[PDB]
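Chains A and B, in that order, are what the protein sequence lines are.
Heads up: the first sequence is residues 1240 to 1457, going by my numbering.
Heads up: the second sequence is residues 14 to 231, going by my numbering.
Structure first, commentary second.
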Amino acid sequence: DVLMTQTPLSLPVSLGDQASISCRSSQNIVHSXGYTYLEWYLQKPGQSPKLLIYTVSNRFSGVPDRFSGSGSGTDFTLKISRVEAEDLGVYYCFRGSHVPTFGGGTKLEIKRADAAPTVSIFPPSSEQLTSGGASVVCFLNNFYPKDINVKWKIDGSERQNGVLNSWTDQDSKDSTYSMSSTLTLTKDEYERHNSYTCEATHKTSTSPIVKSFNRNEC
Amino acid sequence: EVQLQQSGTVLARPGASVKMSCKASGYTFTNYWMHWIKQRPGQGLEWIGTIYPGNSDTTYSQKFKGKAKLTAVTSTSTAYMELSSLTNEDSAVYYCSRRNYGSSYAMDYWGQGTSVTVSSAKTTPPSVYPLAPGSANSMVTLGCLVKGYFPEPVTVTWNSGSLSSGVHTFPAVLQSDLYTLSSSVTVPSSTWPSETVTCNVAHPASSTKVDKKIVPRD
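Have a look at this one:
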């Protein structure tokens, strides 16, 4: 159907660099008249989306000349020169004609040197056990880029049910990302197994980072 | 100035209905289309529909017909959206915005948004567990697990907030109507356990505050 495909989903850049966000319509965006209704909106954390560019290349009042847009037919582009700190957030193209539709969005992020995650695995606390629950926490902190995957192994056997994941937003201090993975079981199932393993796969290594412990050992 | 003030936060049960308002001031309410955009936690903007206050004409996205009901009160320059058969997927922030034409052709003014949560959970305090290193380097990672609470939010600090850097408090995850989250903190191994490290979790809704001092797992 006439969707709005926006790419890329994540656009990391160095402040001062130029950023280009693309948007392609599955059909030629008609003409609302001579104007072509394709807008660019920016949404910063905890805020409402805000108008950047309308009718493909017209800059909304108050918007810096650093932002400019262009394109025609099915391909449109938002160009941001000298990206600055306050420009970080999520951009959305929008087809305002016929069937109004938003693009998937593009997160303008900071680029930095790759960094391998520091992985920390923790067995259930005796307090949680006292109550009959069993959570095994694993942290994968300060890694770059954002892409990563976690796999849990209970006695060398992969486990994927009962796993809860969460990711922080880029760290405003070292520009890294961090993830938190929690495998939750019942005390009984947890006490029926000995080996607990958390293992991270990140581009910074051809081999996965493995953290683990055995319930018996203390 | 054009202004759009939206009704406040709402908690609703599945199957029920909710009605939020978008009060307009600063312009000729009956001359512009009012649009409604939906945003799910961490997700992208999604066009719901629009209504022209001048004659109540409405146009809805195929995905929302039967879900969103748009009305408008001329007398009070207020637009309304009513959602039916609420489900968990309706939980989201809902924005209203006026689409201008003339000086600009786009949604130039947006409301602050109305956060709607759909849940059958009742206030539940969180269980807090300490995450401490199991076996006896230079840097040490500690943490706390805040599990099974409702509703959001929860505040986590370390050493009453005096311990700020090296801290990662993760976004909560919804699992079977309840929320779970964690917070890690990495410090110099010459600081722990010689110096104290405590996480302070507070949960306003349930009038609860919990402190866990991290201690080695001897």
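Ideal placement from N, C-alpha and C gives every residue a C-beta, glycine not left out.
List the residues of chain A that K76/B touches, going by C-beta distances under 7 Å, in chain order. In the second sequence, counting from the first residue as 1, residue 76/B sits at position 63. None at all; the shortest Cβ gap to chain A is about 11 Å.
Report the residue ranges of all alpha helix (DSSP H) runs contained in full by the stretch 1339-1423 of chain A; include only those spanning at least 4 residues, in chain order. 1365-1369
Contact set between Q1367/A and chain B, taken where Cβ atoms lie within less than 9 Å: Counting from 1 along the first sequence, the entry for residue 1367/A is found at position 128. Result: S140, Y142, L158, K160.
Any chain A beta carbon closer than 8 Å to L58/B: Position 45 of the second sequence, counted from the start, is the residue given in the question as residue 58/B. By this cut-off, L58/B is an interface position.
Check the DSSP bridge columns for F1306/A and list the partner residues they point to. Taking the first residue of the first sequence as 1, we reach residue 1306/A at position 67. Beta-bridge pairing links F1306/A to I1319/A.
Have a look at the DSSP bridge pairing and note the partners of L155/B. Within the second sequence, numbered from 1, the residue matching residue 155/B stands at position 142. Answer by DSSP bridge pairing, in chain order: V198/B.
Best match in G57/B, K51/B, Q56/B for proximity to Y73/B [C-alpha to C-alpha]: Along the second sequence, one-based indexing puts residue 73/B at 60. Checking every option, the nearest Cα to that of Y73/B belongs to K51/B.
With a threshold of 8 Å between beta-carbons, can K1450/A be considered close to chain B, or not? Along the first sequence, read from residue 1 onward, the residue named residue 1450/A stands at position 211. Not closer than 8 Å to any Cβ of chain B, the Cβ of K1450/A fails to qualify, so no.
Do you know how far the Cα of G1308/A is from the Cα of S110/B? For this step, residue 110/B is matched to residue 97 along the second sequence. For this step, residue 1308/A is matched to residue 69 along the first sequence. If I take the Cα positions, the gap works out to 22 Å.
Determine, using beta carbons only, whether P138/B and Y162/B come nearer to each other than 8 Å. Along the second sequence, read from residue 1 onward, the residue named residue 138/B stands at position 125. Along the second sequence, read from residue 1 onward, the residue named residue 162/B stands at position 149. Yes, the pair counts as a contact, with Cβ atoms nearer than the cut-off.
Using a Cβ cut-off of 8 Å (strictly closer), state whether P1356/A contacts chain B. As a position in the first sequence, residue 1356/A is number 117, starting the count at 1. Closer than 8 Å: no.
Going along the stretch 122-136 of chain B in order, which residues come within less than 9 Å of chain A, judged by CB to CB distance? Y122, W123, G124, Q125, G126
So, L194/B versus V167/B, is the Cβ gap smaller than 8 Å? By one-based count along the second sequence, residue 194/B stands at place 181. By one-based count along the second sequence, residue 167/B stands at place 154. The answer is yes: Cβ separation under 8 Å.
Whose C-beta lies closer than 6 Å to the C-beta of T1244/A among residues of the same chain, with five residues either side of it excluded? Within the first sequence, the letter at position 5 stands for residue 1244/A. If we look at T1244/A and ignore the five residues flanking it on each side, its Cβ neighbours are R1263.
Checking contacts by CB at 8 Å: is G1285/A closer than that to chain B? Residue mapping note: residue 1285/A aligns to position 46 of the first sequence, counting from 1. Not an interface residue.
Cβ of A37/B less than 8 Å from any chain A Cβ? If you number the second sequence from 1, residue 37/B lands on position 24. Closer than 8 Å: no.
Checking 8 Å against the spacing of the C-beta atoms, do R53/B and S133/B come in under that value? Taking the second sequence and counting its residues from 1, the one referred to as residue 53/B is at position 40. Taking the second sequence and counting its residues from 1, the one referred to as residue 133/B is at position 120. No.
Just list the beta strand (DSSP E) runs in the stretch 95-144 of chain B, keeping only unbroken ones of 3 residues or longer that don't cross its boundaries, in chain order. 105-113, 119-123, 127-131, 140-144
Between which residues of its own chain and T1294/A is the CB-CB distance below 7 Å, once the five residues before and five after are set aside? Here residue 1294/A is taken as the residue at index 55 of the first sequence, counted from 1. Cβ within range, chain order: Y1274, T1275, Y1276.
Of the choices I1360/A, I1387/A, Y1416/A, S1320/A, whose alpha-carbon is the least far from that of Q1257/A? On the first sequence, residue 1257/A is found 18 positions in, with the first residue counted as 1. Ranking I1360/A, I1387/A, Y1416/A, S1320/A by Cα distance to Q1257/A puts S1320/A first.
With distances taken Cα to Cα, identify the nearest neighbour of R1431/A among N1455/A, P1447/A, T1445/A. Taking the first sequence and counting its residues from 1, one reaches residue 1431/A at position 192. The option with the nearest alpha carbon to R1431/A is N1455/A.
Hey, out of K1392/A, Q1367/A, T1357/A, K1346/A, whose CA is closest to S151/B's CA? If you number the second sequence from 1, residue 151/B lands on position 138. Cα-wise, what sits closest to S151/B is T1357/A.
What's the gap between the Cα of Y93/B and the Cα of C35/B? As a position in the second sequence, residue 93/B is number 80, starting the count at 1. As a position in the second sequence, residue 35/B is number 22, starting the count at 1. C-alpha separation (whole angstroms): 6 Å.
Please state whether DSSP places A92/B in a helix, a strand or coil. Residue mapping note: residue 92/B aligns to position 79 of the second sequence, counting from 1. Judged by DSSP in its simplified three-state form, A92/B adopts strand.
Apply the 10 Å Cβ neighbour rule to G79/B and answer buried if 16 or more other Cβ atoms are within range, or exposed otherwise. The residue labelled residue 79/B in the question sits at position 66 within the second sequence. Label assigned to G79/B: exposed.
Compute the distance between the beta-carbons of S38/B and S116/B, then report whether it is under 8 Å. Within the second sequence, residue 38/B is the residue found at index 25, counting from 1. Within the second sequence, residue 116/B is the residue found at index 103, counting from 1. Not a contact, by the Cβ cut-off of 8 Å.
By alpha-carbon positions, which one of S128/B, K160/B, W46/B ends up nearest to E102/B? Your numbering for residue 102/B matches position 89 in the second sequence. When only C-alpha atoms are compared, the closest one is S128/B.
Quick check on DSSP: helix, strand or coil for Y1276/A? Reading the first sequence from its first residue, position 37 is the one you call residue 1276/A. DSSP places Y1276/A in coil when its eight states are reduced to three.
Taking 8 Å as the limit between beta carbons, can you name the residues of its chain near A1352/A, skipping five residues before and five after? Mapped onto the first sequence, residue 1352/A falls at position 113. Correct list, in chain order: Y1383.
Strictly below 8 Å CB to CB, what residues from chain A border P184/B? In the second sequence, residue 184/B corresponds to position 171, counting from 1. Among the residues of chain A, those whose CB is under 8 Å from the CB of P184/B are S1405, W1406, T1407, following chain order.
Quick one: residues in its chain with C-beta nearer than 6 Å to the C-beta of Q1266/A, no 5 flanking neighbours on either side, listed in chain order? The residue labelled residue 1266/A in the question sits at position 27 within the first sequence. Here the set comprises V1241.
As a quick exercise: from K1442/A, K1392/A, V1329/A, pick the residue whose alpha carbon is nearest that of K1450/A. Within the first sequence, residue 1450/A is the residue found at index 211, counting from 1. Checked all of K1442/A, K1392/A, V1329/A; the closest Cα to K1450/A is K1392/A.
With 16 as the cutoff for other CB atoms within 10 Å, does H48/B come out buried or exposed? For the purposes of this step, residue 48/B is taken as the residue at position 35 of the second sequence. It counts as buried.
Which same chain residues, not among the five before or five after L1327/A, have their C-beta less than 6 Å away from its C-beta? Along the first sequence, read from residue 1 onward, the residue named residue 1327/A stands at position 88. Closer than 6 Å at Cβ, skipping near neighbours: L1347.
Buried or exposed: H1337/A, going by 16 or more other Cβ atoms within 10 Å of its Cβ? On the first sequence, position 98 is the one that residue 1337/A refers to. Result: exposed.
Quick check: the stretch 1403-1414 of chain A against the stretch 1431-1442 of chain A, are there 3 or more CB pairs under 8 Å? no
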